[PDB]
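In what follows, a structure is listed as structure tokens, so that the remarks can point back to it.
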Amino acid sequence: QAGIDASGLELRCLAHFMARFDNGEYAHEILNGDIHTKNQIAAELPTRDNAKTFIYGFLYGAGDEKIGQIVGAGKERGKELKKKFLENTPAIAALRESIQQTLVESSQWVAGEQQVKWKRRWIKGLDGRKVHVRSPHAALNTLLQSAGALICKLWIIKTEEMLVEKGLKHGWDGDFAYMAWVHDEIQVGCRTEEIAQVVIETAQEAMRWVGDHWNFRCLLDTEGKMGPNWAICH
Amino acid sequence: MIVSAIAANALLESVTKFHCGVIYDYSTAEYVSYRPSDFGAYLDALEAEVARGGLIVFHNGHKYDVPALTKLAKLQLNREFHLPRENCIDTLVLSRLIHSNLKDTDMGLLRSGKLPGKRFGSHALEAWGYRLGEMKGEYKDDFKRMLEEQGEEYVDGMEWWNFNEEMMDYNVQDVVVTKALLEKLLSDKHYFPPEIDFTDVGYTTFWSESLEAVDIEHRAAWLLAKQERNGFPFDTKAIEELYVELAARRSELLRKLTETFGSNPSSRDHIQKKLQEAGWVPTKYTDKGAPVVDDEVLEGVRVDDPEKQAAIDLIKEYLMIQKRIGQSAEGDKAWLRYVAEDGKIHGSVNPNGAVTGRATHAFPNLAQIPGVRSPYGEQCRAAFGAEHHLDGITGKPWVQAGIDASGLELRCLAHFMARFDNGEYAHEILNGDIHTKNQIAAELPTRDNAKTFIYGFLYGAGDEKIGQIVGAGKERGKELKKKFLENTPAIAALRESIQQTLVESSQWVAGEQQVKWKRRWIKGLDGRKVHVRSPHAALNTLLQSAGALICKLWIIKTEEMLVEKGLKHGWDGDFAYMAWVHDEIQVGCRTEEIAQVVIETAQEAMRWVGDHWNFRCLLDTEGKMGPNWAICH
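So this is what it looks like as structure tokens:
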């Protein structure tokens, strides 16, 4: 079995849409490494693990309770943790500026319901499809997950396409067989270890191909694991 | 850049309330006074200078002003006020850097009567006011005498109890002296070029466009102030658990040393009057008539009286017992008197009161604690360790990491002599057994004799002292040194270039070498002025300056990398600087895993310094993990 996952796809997807405002600054911090270390410094968190649980919660619209419970508090502690990260990472704030104001003209509150005058109730994906959201208060979570899911979808297509092109036959009667696709990771069966090694390399080759295809501003990488089952491939 | 100085109720140890503070801004060219009901706005005005990217000038700020305003903002306003090191300047630090000497220059200021003898060579704000002509009076004296013309008596340290408009007026007075002293330091065109107003510029331009020594001293002073606030944990029970074993031995010996001598084994005017009756003829005397009675001669004093002879070793022990007692249990030091309520000793440190390098430590001198090779030092050294506090919260035993500079003195010599031998001697260090090579080069019998030779010869010992190494006089000394110079030419040529760098020609006239000085200061590793010296020796000044400046940058880069790795500095964190000794440091560490990181980081940090100054010799360190100081060295 060959298990290959997309190395930190979410944060690199964030670097891609924010490379429009920082000229590849945040993107290089991914490649240079320890992006959770930078987020730790930017948001003023004590430990790197606290930065990990921060970056995902903040991006996806978590309030302040989950954030406050990190330091042993409630909804109180959260605002200063979120605003400080915004000041130290302008590009993330600028990211939600042009894009969130690309779908509105002017907004308005009526009886507690925001009656936003929309420009289009749908965010464009990486392939032009309509990806709607709901509230303009975040939407970024929808944008990033759309990028990630559309990246892996093309990724698993080209990987199999290259494997077939190189000479491998798909199925239990050939050389490899897709067993499960789980978002950012895949589980591929392989007849021999040699085939599995090619599977791992091809998936990385396909992942760079996807990034060049959509001219992704950030660099995409993957990591493979060879073994007998799924507990081994992850 | 703004210039300020503050007034509190007491020292940093127990400061409670903020009285007043004045901020002179150069862009507005006008002072601003702050009152007890303006402490909040005072902190904002300093933060505003930080927001613009400028600088804040304090006197004794790295050690007092800045950390006190962090403490005062926590209990009075309950706000997190923290001045970054880069946006802070301490005139006190620059004064000790630029005016490391003063000894000379202050003589004429003393002869002039423009400097109080109590304020000779002092880097205090008031001490400099008389030097620049800005002392219209002192707040302590305009208070004492004014308490007379009012009524109430005076308490040793009461002028800071309550805020009064005269303090507010003398608070401005301290700022204009801080300003004038700052401008007096910026007018030295060897640390600061003749560019423009170095006040007008931002901190980013300030540190880099200034001489490098300016930056190091402020990073060093900032770092050492943290170590004092960290302090060195102290086992009161253990040191107390030493005093009886010393005092009982002192009392028992005193009894025996009064039965042998009827009607104090501690004074020199005593034993001289007593021992010269048991048949001891003093060989070596002193420059005042009285005979020498140190450890050296006492070991060799031979008297026919068996009881008197055996009593000598009892006197030897007595003086040593008094020494340990006189260091661990006496008055106004003794460590036991300095134990703060947190169970730690906060020993103070002067960044570089020693022109060449190596700071000075006092109250108490944490750098003179008896080593583990000296008697009762094993117990003494054990009393100093991070194990005295098992974490400030989690109860986790704090472990100590002791890292020293491996033979730094000889490696500094290889770098400065790499200018004449093309890295030859430096390679002999790496190859190992440099004392073996020096032994072969100087033709010595044992390797230990080579070890004590290389340091003695380098540091200006006479030919007698060199000859006395193998049991001889000045005869063997001259030939021992001359042979070493011939077999190691680079060292001899090194002492030439130095002797022709600070001298033009020398000549003896009725007792004084009349050197036609070309320069009264050797350039260090950062570019600073390093003392003036006087006679033929100077090499010692060069080497100790190099190593200590290496260590100063070393301990800064170590802490910088540890912070850069995520390790928080402090007892509530992962590590805390406890002591800096010459070429070794003692670092407390919360866990063994962290202690291993400290040792590795210190080695890694030693490379940046070695790379920065392009040292021709390899700088290395060795760390030792354990509970206390007796283990880490």
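Chains as they are written, first to last, in UniProt numbering: chain C, 471 to 704; chain Z, 1 to 263, 335 to 704.
Ideal Cβ placement from N, Cα and C applies to all residues, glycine included.
Approximately 5 Å separates the beta-carbon atoms of Z:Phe491 and Z:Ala564; this is inside 8 Å, confirming the contact.
Sixteen is the threshold: when 16 or more other Cβ atoms of the shown chains lie within 10 Å of the Cβ of Z:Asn509, as they do, the residue is buried.
The three-state secondary structure of C:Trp625, taken from DSSP, is helix. Z:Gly659 is the residue among Z:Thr91, Z:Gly659 and Z:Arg250 whose C-alpha sits nearest the C-alpha of Z:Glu458.
Ranked by Cα distance from Z:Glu165, the first of Z:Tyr530, Z:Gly129 and Z:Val22 is Z:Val22. Taken atom to atom, the span from the alpha-carbon of Z:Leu551 to that of Z:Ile621 is near 31 Å. Within its own chain, the residues whose Cβ lies closer than 6 Å to the Cβ of C:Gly473, once the five positions on either side in sequence are excluded, are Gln657, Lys695, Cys703 and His704, listed in chain order. Residue state for C:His607 is assigned as coil, using DSSP reduced to three classes.
Contact check for C:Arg547 against C:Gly538 passes: the beta carbons are separated by less than 9 Å. By the Cβ neighbour-count rule, C:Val652 is exposed, with fewer than 16 other Cβ atoms within 10 Å of its own. Per DSSP, reduced to three states, the secondary structure at C:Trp588 is strand. For Z:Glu259, the enclosing alpha helix (DSSP H) covers residues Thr236 to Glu259.
Contact check for Z:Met488 against Z:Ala561 passes: the beta carbons are separated by less than 9 Å. In the structure shown, C:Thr507 adopts helical secondary structure according to DSSP, grouped into three states. Assignment of C:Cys688 by DSSP, reduced to helix, strand and coil, places it in the coil class. Taking the Cα positions, Z:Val372 is about 47 Å away from Z:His99. Check the Cα spacing between C:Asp475 and each of C:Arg661, C:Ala650 and C:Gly595: the tightest is with C:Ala650. Z:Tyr24 is positioned such that its CB atom lies no closer than 9 Å to that of Z:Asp197. As a beta-bridge residue in DSSP terms, C:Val601 pairs with C:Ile593.
In this structure, Z:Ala213 sits away from Z:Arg687, with a CB-CB distance that is not shorter than 9 Å.
Sorting Z:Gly697, Z:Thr662 and Z:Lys636 by C-alpha distance to the C-alpha of Z:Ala676 places Z:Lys636 at the top. For Z:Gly231, the CB contacts under 8 Å within the same chain, skipping 5 residues up- and downstream, are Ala411, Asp413, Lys415, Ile416, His417, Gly418 and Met649 in chain order. Between Z:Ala425 and Z:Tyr530, the gap from beta carbon to beta carbon reaches 9 Å or more.
For Z:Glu134, the closest of Z:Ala673, Z:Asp156, Z:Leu115 and Z:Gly121 by C-alpha to C-alpha distance is Z:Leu115. Per DSSP, the beta-bridge partners of Z:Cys20 are Z:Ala7. When rounded, the separation of the alpha-carbon atoms in Z:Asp462 and Z:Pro468 is 6 Å.
In this structure, Z:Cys88 places its C-beta atom within 9 Å of the C-beta atom of Z:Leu55.
Among the bridge pairs identified by DSSP, Z:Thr431 is matched with Z:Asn421. Around Z:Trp207, the same chain offers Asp215 as residues with beta carbons nearer than 6 Å, after the five sequence neighbours per side are excluded. The beta carbon of Z:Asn520 is closer than 6 Å to those of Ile540 in its chain, skipping five residues each way along the sequence.
Put simply, of Z:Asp65, Z:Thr572 and Z:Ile392 the residue whose alpha carbon is nearest the alpha carbon of Z:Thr91 is Z:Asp65. Counting C-beta pairs with one atom in each stretch, the segment 124-138 of chain Z and the segment 171-183 of chain Z have three or more that are closer than 8 Å, which means they touch. The closest CA to that of Z:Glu30, considering only Z:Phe120, Z:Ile2 and Z:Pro36, is found on Z:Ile2. Under the three-state reduction of DSSP, C:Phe528 is assigned to helix. Proximity of the segment 3-18 of chain Z to the segment 157-177 of chain Z meets the contact definition, three or more beta-carbon pairs being nearer than 8 Å.
The alpha-carbon separation between C:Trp684 and Z:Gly53 amounts to approximately 41 Å.
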